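Engineer: Numbering (PDB author numbering), first residue to last: 2 to 258.
Backbone N, C-alpha and C fix where the C-beta goes; we use that ideal spot for every residue, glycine too.
I have a structure here, written as structure tokens, and I will follow up with some questions on it.
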Ligand SMILES: O=C(O)c1ccc(C(=O)NCCO)cc1
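Structure (structure tokens):
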């Protein structure tokens with residue numbers, strides 16, 4: 002694997018708030034962002050290993066970038082360029098959120114600080130609440146995205162037959178805002194049966210789980226990004242088969258990948 006980055010993984014390594022790569026940050030202003038409300042980019046200083054796949058992350062309704070700020074450094078430390086985006090408006094809907102994510106990854110192709118540190122062919126999308134719905138729309142409008150991860154996703158749309166990108170759907174058990182039955186689960190089973198996919202329910206968690214460091218959320222997001230953005234077969238061990246939980250009330254996948 003030429004995109005393999007970093008030492009072989011451990012259940013501790015993927016659970017670390019910061020992984021191996023030391024990371025730096027650039028702030029995109031609301032003014033210098035075409036199609037989004039700006040954002041904060043996280044990237045590994047180490048270019049010795051090669052270029053890094055990109056990931057865009059959106060917040061949810063009414064929420065600023067702070068909602069999802071913990072995820073940018075935590076994923077980029079493992080070998081990725083991550084943009085934590087603030088929406089054009091706090092009342093932005095999931096479909097716009099899908100546009101603002103393609104806009105944010107596109108911006109990464111021209112950002113001066115991270116143009117040479119990125120691999121423009123291997124990209125992925127992620128979002129919390131409506132942010133997760135966005136992540137789902139950008140995948141359906143682009144069959145080149147290498148991965149997609151909805152987190153307590155919220156959306157009006159449920160059919161996801163078009164989706165052709167490896168998708169990890171994440172739900173919280175006690176969610177009263179975006180119920181799993183009407184959303185997350187509804188999105189996984191609408192996805193292509195033959196694609197590479199997985200659904201994971203988190204135990205005891207409310208809808209606001211992704212708005213605070215959650216180790217279960219981070220480790221599996223980092224394993225999906227590694228298996229599909231870096232084609233890393235070293236991280237398939239953390240997804241196939243299902244793992245011990247305590248935090249996972251439910252899991253279903255299309256293993257083996
Ligand atoms: O899609 C959302 O995230 C969302 C869903 C329902 C509410 C709500 O119950 N509020 C109604 C009056 O404000 C808020 C946000």
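Find out if the Cβ-Cβ distance for the pair residue 42, residue 76 is shorter than 8 angstroms.
Structural biologist: Position 41 of the chain shown, counting from 1, holds the residue named residue 42. Position 75 of the chain shown, counting from 1, holds the residue named residue 76. No, the pair does not count as a contact, with Cβ atoms beyond the cut-off.
Engineer: Relative to the C-alpha of residue 106, which residue among 36, 5, 159, 129 is closest?
Structural biologist: Taking the first residue of the chain shown as position 1, residue 106 is located at position 105. Of 36, 5, 159, 129, the residue nearest in Cα terms is 36.
Engineer: Classify residue 98 as buried or exposed, calling it buried when 16 or more other Cβ atoms lie within 10 Å of its own Cβ.
Structural biologist: For the purposes of this step, residue 98 is taken as residue 97 along the chain shown, with counting starting at 1. Buried: at least 16 other Cβ atoms inside 10 Å.
Engineer: Return yes when the C-beta of residue 62 is under 7 angstroms from any heavy atom of ligand 1, and no when it is not.
Structural biologist: Here residue 62 refers to the residue found at position 61 when the chain shown is read from its first residue. Within the cutoff, so yes.
Engineer: Would you say the beta carbon of residue 178 comes nearer than 7 angstroms to a heavy atom of ligand 1?
Structural biologist: On the chain shown, position 177 is the one that residue 178 refers to. Correct: residue 178 has its Cβ closer than 7 angstroms to ligand 1.
Engineer: Pop quiz: residue 198 and residue 255 are said to be a contact at Cβ under 8 angstroms. What is the actual Cβ separation, rounded to whole angstroms?
Structural biologist: Working through the chain shown from its first residue, we reach residue 198 at position 197. Working through the chain shown from its first residue, we reach residue 255 at position 254. That pair is a contact at about 5 angstroms.
Engineer: At which residues does the beta strand (DSSP E) containing residue 129 begin and terminate?
Structural biologist: Taking the chain shown and counting its residues from 1, the one referred to as residue 129 is at position 128. Its beta strand (DSSP E) spans residues 119-129.
Engineer: Check whether the stretch 146-165 and the stretch 176-190 are in contact - that is, three or more C-beta pairs closer than 8 angstroms.
Structural biologist: Yes, since at least three Cβ pairs between the stretch 146-165 and the stretch 176-190 fall closer than 8 angstroms, the two stretches touch.
Engineer: Report yes if the C-beta distance between residue 148 and residue 229 is below 8 angstroms; otherwise report no.
Structural biologist: As a working mapping, residue 148 is identified with position 147 in the chain shown. As a working mapping, residue 229 is identified with position 228 in the chain shown. Cβ atoms of residue 148 and residue 229: closer than 8 angstroms.
Engineer: Please list, in chain order, all residues of the same chain as residue 131 whose beta carbon is under 6 angstroms from its beta carbon, the five residues on each side excluded.
Structural biologist: The sequence position of residue 131 within the chain shown is 130, counting from 1. Answer for residue 131: 61, 62, 95, 98, 155, listed in chain order.
Engineer: For residue 242, tell me which candidate among 51, 201, 120, 125 has the shortest Cα-Cα distance.
Structural biologist: Stepping through the chain shown from its first residue, residue 242 is reached at position 241. Residue 242 has its Cα closest to that of 201, out of 51, 201, 120, 125.
Engineer: Determine the DSSP secondary structure at residue 24, reduced to helix, strand or coil.
Structural biologist: For the purposes of this step, residue 24 is taken as the residue at position 23 of the chain shown. DSSP places residue 24 in strand when its eight states are reduced to three.
Engineer: Can you tell me the Cα-Cα spacing of residue 53 and residue 114, whole angstroms?
Structural biologist: Counting from one through the chain shown, the residue named residue 53 turns up at place 52. Counting from one through the chain shown, the residue named residue 114 turns up at place 113. Rounded to the nearest angstrom, the two C-alpha atoms are 13 angstroms apart.
Engineer: Just to confirm before moving on: does the CB-CB distance between residue 224 and residue 239 stay below 8 angstroms?
Structural biologist: On the chain shown, residue 224 is found 223 positions in, with the first residue counted as 1. On the chain shown, residue 239 is found 238 positions in, with the first residue counted as 1. A contact, by the Cβ cut-off of 8 angstroms.
Engineer: So, at 6 angstroms on beta carbons, what are the nonlocal neighbours of residue 212 in its own chain, with the 5 sequence-adjacent residues on each side left out?
Structural biologist: The count along the chain shown starts at 1 and reaches residue 212 at position 211. Closer than 6 angstroms at Cβ, skipping near neighbours: 68.
Engineer: Indicate whether residue 210 and residue 173 have their beta-carbon atoms separated by less than 8 angstroms.
Structural biologist: Numbered from 1 along the chain shown, position 209 holds the residue referred to as residue 210. Numbered from 1 along the chain shown, position 172 holds the residue referred to as residue 173. Yes, Cβ-Cβ distance for residue 210 and residue 173 is below 8 angstroms.
Engineer: Any idea which residues DSSP pairs residue 45 with across the strands?
Structural biologist: For the purposes of this step, residue 45 is identified with residue 44 of the chain shown, where counting begins at 1. DSSP output for residue 45 lists 24 as bridge partner(s).
Engineer: Return yes when the Cβ of residue 44 is within less than 8 angstroms of the Cβ of residue 70, no when it is not.
Structural biologist: Position 69 of the chain shown, counted from the start, is the residue given in the question as residue 70. Position 43 of the chain shown, counted from the start, is the residue given in the question as residue 44. Cβ atoms of residue 70 and residue 44: not closer than 8 angstroms.
Engineer: Who are residue 203's beta bridge partners in DSSP?
Structural biologist: Taking the chain shown and counting its residues from 1, one reaches residue 203 at position 202. Paired residues: 173, 249.
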